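Secondary and tertiary structure notes
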Amino acid sequence: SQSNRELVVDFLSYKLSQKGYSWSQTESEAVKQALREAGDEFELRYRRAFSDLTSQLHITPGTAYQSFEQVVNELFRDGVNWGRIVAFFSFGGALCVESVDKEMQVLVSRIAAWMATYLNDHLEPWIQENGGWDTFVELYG
Ligand SMILES: O=C(O)c1nc(-c2ccc3c(c2)/C(=N/Nc2nc4ccccc4s2)CCC3)sc1CCCCc1ccccc1
């Protein structure tokens, strides 16, 4: 839904404010706060245990959605758990952060459309199948 939309933005803008950048190119906030937190732990703790997915996608302004998708597919080669969804978000942040690093901040809005597309096309059936976002929270919060 658009629940996923505003979630991609929260995660992205946070990841940028953290790197010193600026996105300007209730119980809900609890999910955002929870995803903000898990991504931070993901980065501190695991990110460097897996192959670098950003190394596999050579991000450019003329990169297509299906390029991104086919890379993101790799993440979920062995199924969907919440962790990999976290890693997914972390990935979008790193694409975003790298983009701004390389003077391609135009991509950022694209990367967010991309993730949102990927979420609804690939992951929402799972999330609702596994208790929605309020469930992710009860576990990882
Ligand atoms: O749980 C898993 O099975 C799992 N498999 C994972 C997996 C499976 C397959 C692949 C990978 C990871 C790969 N990851 N490569 C990445 N490279 C990058 C680069 C930048 C940002 C994010 C990423 S993720 C590359 C090869 C395919 S990631 C993952 C979750 C790791 C823990 C997440 C977490 C951390 C703190 C709090 C809550 C949850």
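Determination of this PDB entry was carried out by X-ray crystallography to a resolution of 2.601 Å, according to the record.

With that settled, consider the environment of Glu43. Note that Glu43 resides in helix α2 (residues 28-45). By relative accessible area, which is 12% here, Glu43 ends up buried. Taking the C-alpha atoms as reference points, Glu43 and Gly62, 19 residues apart in sequence, are found 28 Å from one another. If we ignore the near neighbours within four places in the chain, the residues touching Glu43 are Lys15, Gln18, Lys19 and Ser90. Polar side-chain contacts of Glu43 include one of 2.7 Å to the side chain of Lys15. In this structure the side chain of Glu43 is engaged in a polar contact, spanning 3.2 Å, whose partner is the side chain of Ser90.

Now for the site of the ligand. In the region of the ligand, 21 residues are neighbours, and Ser51, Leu53, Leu75, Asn81 and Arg84 sit closest. Note that an oxygen atom of the ligand is positioned 3.1 Å from one of the side-chain N or O atoms of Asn81. Contact distances for the ligand include 3.0 Å between an oxygen atom and a side-chain N or O atom of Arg84. Within the complex, 84% of the 810 Å² of free accessible area of the ligand lies under protein. Elements supplying a minimum of two residues to the shell around the ligand: α2, α3 (53-56), α4 (65-75) and α5 (82-101). Of all the elements, α5 adds the most residues to the shell around the ligand, at seven residues. In terms of residue class, the shell around the ligand is made up of 11 nonpolar, five polar and five charged.

Those residues of α4 not exposed but buried are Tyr65, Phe68, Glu69, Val71, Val72 and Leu75. In a view along the axis of α4, the buried residues occupy a sector of 165°, so they form one face of it. Projecting away from the buried face of α4 at angles above 90 degrees are the exposed residues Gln66 and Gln70. Lining the buried residues of α4 we find α3, α5 and α6 (107-129).

With respect to the secondary-structure elements, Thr63 resides in the loop between α3 and α4. There is a polar contact of 3.2 Å between the side chain of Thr63 and the backbone nitrogen of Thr60. The contacts of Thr63, once residues within four sequence positions are left out, are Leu57, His58 and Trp114.

Quick look at the side chain of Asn4 now. Relative to the helices and strands, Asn4 is located in helix α1 (residues 2-18). A polar side-chain atom of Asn4 sits 3.1 Å from a polar atom in the side chain of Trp133.

This brings us to the packing of α2 against helix α7 (residues 132-140). Two numbers describe a pair of packed helices, the interaxial angle and the distance between the axes. Taken N-terminus to C-terminus, the directions of α2 and α7 make an angle of 55°; their axes are 10 Å apart at the nearest point. In this view, α2 runs oblique relative to α7, as classed from their interaxial angle. When the axes of α2 and α7 are compared, the crossing they make is left-handed. Across from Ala30, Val31, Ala34, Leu35 and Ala38 in α2, the residues of α7 making contact are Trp133, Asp134, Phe136 and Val137. Its residues assigned to classes, the contact of α2 with α7 comprises eight nonpolar, no polar and one charged.

What counts as what
Residues numbered from 1 in each chain as written, not as in the entry; some residues may be left out. Heavy atoms only, no water. Residues with missing side-chain atoms left out of burial classes, pairs and counts. Helix = DSSP H or I, 4+ residues; strand = E, 2+ residues; numbered from the N terminus. Buried < 20%, exposed > 50% of the residue type's maximum accessible area, 1.4 Å probe, protein only. Contact = heavy atoms within 4.5 Å. Polar contact = N/O pair within 3.5 Å; in protein donor to acceptor, adjacent residues only side chain to side chain. Near = heavy atom within 4 Å. Areas by Shrake-Rupley, 256 points an atom, 1.4 Å probe, with all protein chains shown as cover. Nonpolar A, V, L, I, M, F, W, Y, C, P; charged D, E, K, R; others polar. Arc of directions from axis to C-beta. Axes fitted to C-alpha atoms, helices over the stretch in contact; angles between N-to-C directions. Parallel < 35°, antiparallel > 145°, perpendicular 65-115°, else oblique. Left-handed = near helix turned anticlockwise from the far one by under 90°.

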